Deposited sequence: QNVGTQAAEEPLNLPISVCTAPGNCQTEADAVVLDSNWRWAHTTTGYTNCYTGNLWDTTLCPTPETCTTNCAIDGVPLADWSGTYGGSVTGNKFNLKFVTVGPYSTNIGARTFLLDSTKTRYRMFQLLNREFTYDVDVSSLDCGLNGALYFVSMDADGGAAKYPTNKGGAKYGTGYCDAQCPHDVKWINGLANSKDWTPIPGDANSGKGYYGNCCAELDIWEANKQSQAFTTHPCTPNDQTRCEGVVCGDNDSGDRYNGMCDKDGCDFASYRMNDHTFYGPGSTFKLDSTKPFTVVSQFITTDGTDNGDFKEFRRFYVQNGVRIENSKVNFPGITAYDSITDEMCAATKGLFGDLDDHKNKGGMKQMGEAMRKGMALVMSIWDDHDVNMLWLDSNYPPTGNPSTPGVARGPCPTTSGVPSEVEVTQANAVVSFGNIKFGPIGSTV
């Protein structure tokens, strides 16, 4: 995309901590940038929309190349962050409102480095990543997500010279779902064969998808939470078409370059329904804030080893809370993501181990070694109504069959039109982000 001249781009300042030992950290003066999908797209030498509602203008965008020549994405000024997009920062806390009323629904954002010209790339192997979260106002159907993806640090600017904005304009998004709803891919409008998504007034799908590796630290609302590894072959940003995208709609979910299911550790799905929930007698009380700690263990305990284990623990009101465990007869009580856990649990659930097909923890680790961009988002799910996270999936499945039940939400929950009314004022908060060696962040 070209860059427009109507509004300066002003990312929100967000300090994080880089740590060397427990309680010995230094501030890193980073910032938050809005994903290019949420930006106004208009004519390069005017005010005329190139995209309105869920459609590209066919006169301006008869082809992707012409669209890209004629159109530009514009900046987010400071005033518009809260007023238009529902984003705000207080000290080291970042807040994202779900619906902001001209009416904005959801948000996806990235962490910029201290220069505000590149994404802050995190080399996560043999490191610990930690943050405080509040998901108390997110119920069934919503997801306040924090995760990493194998985006380029410059959003693709060096690879795709028609991308003028780079990381500064939140470009280059890709993930392990190979999404077609990304409006700008490889420096070009994804306007070919663009199709609105029914019941989604703001979104559509273009000819291409954009694939890359994804490490989900946090997919969650107050009812259920998960962390998940998604390797791809290769891991780096890859525009896809046809079978390579692994499109759900053509029966290709397991035929593409990315592991779409991922290998998940989701406490409720692993059959501990009392670990996490909205109340003081759950082990971890989702009505109150808490700290989420993630440790990325290698084979030799060094930065050069292969990724072998994703460990997790929590801190809430000064109380250390170890992760829940897998709880099925004849299955080891795993409390972390490893290749063995993935094989054993997917075996039990009858899920295809595409994680293993894509190179497993080792391949996931190669993405983490090269460095990944931090994503913070809030969203509802127009495909599957978040049932995969917090309900029975498939909805018609027996909840006593291992793998089906992922949370207590009813299978009628999560319809975007309903959650966008009922949960309009939901806000996820991510704060006090800390990064360092294992054992350094609490």
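Engineer: What are the C-alpha gaps when you align the coordinates back onto the deposited sequence?
Structural biologist: Comparing the full sequence with the modelled residues, the uncovered range comes out as just 102 to 104.
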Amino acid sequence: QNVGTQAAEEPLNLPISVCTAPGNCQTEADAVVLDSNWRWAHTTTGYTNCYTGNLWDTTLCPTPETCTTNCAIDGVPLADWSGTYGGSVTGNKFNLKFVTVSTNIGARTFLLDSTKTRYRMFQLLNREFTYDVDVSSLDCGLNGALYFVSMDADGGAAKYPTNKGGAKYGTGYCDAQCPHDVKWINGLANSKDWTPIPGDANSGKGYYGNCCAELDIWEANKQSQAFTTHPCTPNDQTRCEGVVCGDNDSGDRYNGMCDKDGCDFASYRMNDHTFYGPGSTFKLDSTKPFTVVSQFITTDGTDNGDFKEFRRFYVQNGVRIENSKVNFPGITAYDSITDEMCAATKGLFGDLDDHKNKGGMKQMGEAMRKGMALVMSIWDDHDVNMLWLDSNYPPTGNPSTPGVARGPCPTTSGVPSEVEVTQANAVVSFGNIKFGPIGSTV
From here on, numbers count along this sequence of modelled residues.
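Engineer: Between 371 to 379 and 408 to 416, name whichever shows the higher mean Cα B factor according to the PDB entry.
Structural biologist: Comparing 371 to 379 with 408 to 416, the higher average CA B-factor belongs to 408 to 416.
Engineer: Do the CA atoms of 427 to 435 or those of 6 to 14 have the higher mean B-factor in the entry?
Structural biologist: Looking at the record's C-alpha B-factors, the answer is 6 to 14.
Engineer: From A201, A107, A344, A145, pick the one with the largest CA B-factor in the entry?
Structural biologist: Highest C-alpha B-factor among the listed options: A201.
Engineer: Check the PDB entry and point out which of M361, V182, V326, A158 has the largest C-alpha temperature factor.
Structural biologist: Checking the PDB record, the top C-alpha B-factor among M361, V182, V326, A158 is at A158.
Engineer: Hey, what third does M386 fall into on Cα B-factor, ranked over its chain?
Structural biologist: Lowest third - that is where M386 ends up once the chain's C-alpha B-factors are sorted.
Engineer: For the chain shown, is the CA B-factor of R118 in the lowest, middle or highest third of its modelled residues?
Structural biologist: Middle third - that is where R118 ends up once the chain's C-alpha B-factors are sorted.
Engineer: Rank-wise, by C-alpha B-factor, drop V76 into the lowest, middle or highest third of its chain.
Structural biologist: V76: CA B-factor falls in the highest third of its chain.
Engineer: Please say which third, lowest, middle or highest, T162 falls into when its CA temperature factor is compared across its chain.
Structural biologist: Its C-alpha B-factor, which the entry lists for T162, ranks in the highest third among residues of this chain.
Engineer: Can you tell me which third, lowest, middle or highest, the CA B-factor of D134 falls into for its chain?
Structural biologist: Tercile = lowest for this residue's CA B-factor.
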